[PDB]
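**Student:**
Protein chains: 2
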Amino acid sequence: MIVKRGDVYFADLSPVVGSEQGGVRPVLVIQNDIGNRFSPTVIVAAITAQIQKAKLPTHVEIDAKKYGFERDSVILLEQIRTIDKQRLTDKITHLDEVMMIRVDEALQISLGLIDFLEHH
Amino acid sequence: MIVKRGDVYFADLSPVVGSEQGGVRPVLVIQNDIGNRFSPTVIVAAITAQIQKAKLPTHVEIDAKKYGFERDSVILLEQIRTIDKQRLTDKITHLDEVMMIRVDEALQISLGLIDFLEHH
Numbered sequence: 001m002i003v004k005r006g007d008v009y010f011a012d013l014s015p016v017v018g019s020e021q022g023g024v025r026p027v028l029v030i031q032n033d034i035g036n037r038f039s040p041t042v043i044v045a046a047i048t049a050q051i052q053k054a055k056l057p058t059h060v061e062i063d064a065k066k067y068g069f070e071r072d073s074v075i076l077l078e079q080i081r082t083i084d085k086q087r088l089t090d091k092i093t094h095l096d097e098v099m100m101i102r103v104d105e106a107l108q109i110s111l112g113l114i115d116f117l118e119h120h
Numbered sequence: 001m002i003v004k005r006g007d008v009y010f011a012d013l014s015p016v017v018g019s020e021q022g023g024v025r026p027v028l029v030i031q032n033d034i035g036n037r038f039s040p041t042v043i044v045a046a047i048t049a050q051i052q053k054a055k056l057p058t059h060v061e062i063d064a065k066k067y068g069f070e071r072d073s074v075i076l077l078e079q080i081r082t083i084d085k086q087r088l089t090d091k092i093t094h095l096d097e098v099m100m101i102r103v104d105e106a107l108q109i110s111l112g113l114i115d116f117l118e119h120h
């Protein structure tokens with residue numbers, strides 16, 4: 001119910017079609033905190049353990065040791081979903097300010113809000 | 001490329017969970033144009049004709065007459081989704097720069113990059 005931006009929860013993103021990221025996996029809350037408190041829905045970015053290195057400017061690496069993670073992981077700002085809050089299950093961790101500034105950069109690049117080819 | 005940021009397509013969003021927007025409905029391409037060229041996925045915002053007027057800062061009105069819609073509609077920047085391109089069916093229209101400026105502001109608000117409302 002009462003999530004905060006920067007929180008990481010488990011969520012089932014299934015069912016999916018084609019190259020949509022499915023499965024029960026960590027997701028990062030990226031919605032504003034007004035909707036996070038008051039809305040039945042939340043906007044999340046999928047997290048994967050299939051890669052550990054950011055290949056693209058829409059990727060942000062998570063160090064497993066520093067956070068709640070079993071494996072070094074990558075937040076995929078190209079894989080964003082508005083999900084009903086019923087999909088969220090247990091909380092895993094909360095990302096710090098420096099991590100979220102990286103997230104904001106990748107998220108703005110993903111959504112064409114700032115330049116893709118610029119180093120910011 | 002396939003689609004361009006600002007393109008509006010029908011997309012088959014079914015099935016969904018809870019308060020997620022579903023069905024076959026118009027959606028607005030909001031992913032950057034580099035991703036739109038190369039990626040199998042596209043990021044979109046759901047459009048609804050259940051509401052005609054924007055009374056929340058995450059909402060942008062679409063005038064049907066101007067844009068070749070059947071019914072005046074609202075773009076819901078709190079309802080955004082990465083979908084496989086296979087979900088896109090027919091192109092409806094392309095929103096102009098004035099509309100896309102309003103979208104970008106609604107997206108910044110939705111995603112907590114600027115204040116949700118003006119703070120006294």
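Chains as they are written, first to last, in the deposited numbering: chain A, 1 to 120; chain B, 1 to 120. From the three backbone atoms N, C-alpha and C, an ideal C-beta is built for every residue, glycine too.
1) Check the Cβ of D33(A) against every Cβ in chain C and list those closer than 7 Å, keeping chain order.
2) Would a check of beta-carbon distances place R37(A) closer than 8 Å to chain B?
3) In its own chain, which residues sit with a C-beta less than 7 Å from the C-beta of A45(B), not counting the 5 before and 5 after it?
4) Would you decide whether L88(A) is buried or exposed? Buried here means 16 or more other CB atoms lie within 10 Å of its CB.
5) Beta-carbon of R5(A) versus every beta-carbon of chain B: anything under 8 Å?
6) Where does the unbroken alpha helix (DSSP H) through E105(A) begin, and where does it stop?
7) Quick check on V27(A) - is its C-beta less than 8 Å from some C-beta in chain B?
8) Under the three-state reduction of DSSP, which class applies to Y67(A): helix, strand or coil?
9) At what residues does the alpha helix (DSSP H) containing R37(A) begin and finish?
10) Can you confirm whether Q50(A), when its beta carbon is compared against all beta carbons of chain B, has any partner nearer than 8 Å?
11) Which chain B residues are close to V17(A), counting only those with a beta carbon under 7 Å from its beta carbon?
**Tutor:** The relevant details are as follows:
1) Absent from the structure is chain C; the protein chains it does hold are A and B.
2) Locating residue 37(A) in the first sequence gives position 37, counting from the first residue. Chain B contact via Cβ: absent.
3) The residue given as residue 45(B) occupies position 45 in the second sequence. Cβ within range, chain order: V27, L28, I30, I75, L76, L77, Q79 and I80.
4) As a first step, residue 88(A) must be located in the first sequence, where it is residue number 88. Label assigned to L88(A): buried.
5) Residue mapping note: residue 5(A) aligns to position 5 of the first sequence, counting from 1. For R5(A), the answer is yes, since a Cβ of chain B falls inside 8 Å of its Cβ.
6) Start at 1 with the first residue of the first sequence, and residue 105(A) comes out as number 105. Where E105(A) is concerned, the enclosing alpha helix (DSSP H) stretches over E97 to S110.
7) Within the first sequence, the letter at position 27 stands for residue 27(A). So, not an interface residue.
8) The residue given as residue 67(A) occupies position 67 in the first sequence. Three-state DSSP puts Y67(A) in coil, outside helix and strand.
9) For the purposes of this step, residue 37(A) is taken as the residue at position 37 of the first sequence. Element bounds for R37(A): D33 to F38.
10) The residue labelled residue 50(A) in the question sits at position 50 within the first sequence. Not an interface residue.
11) Working through the first sequence from its first residue, we reach residue 17(A) at position 17. Residues of chain B passing the Cβ test: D84, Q86 and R87.
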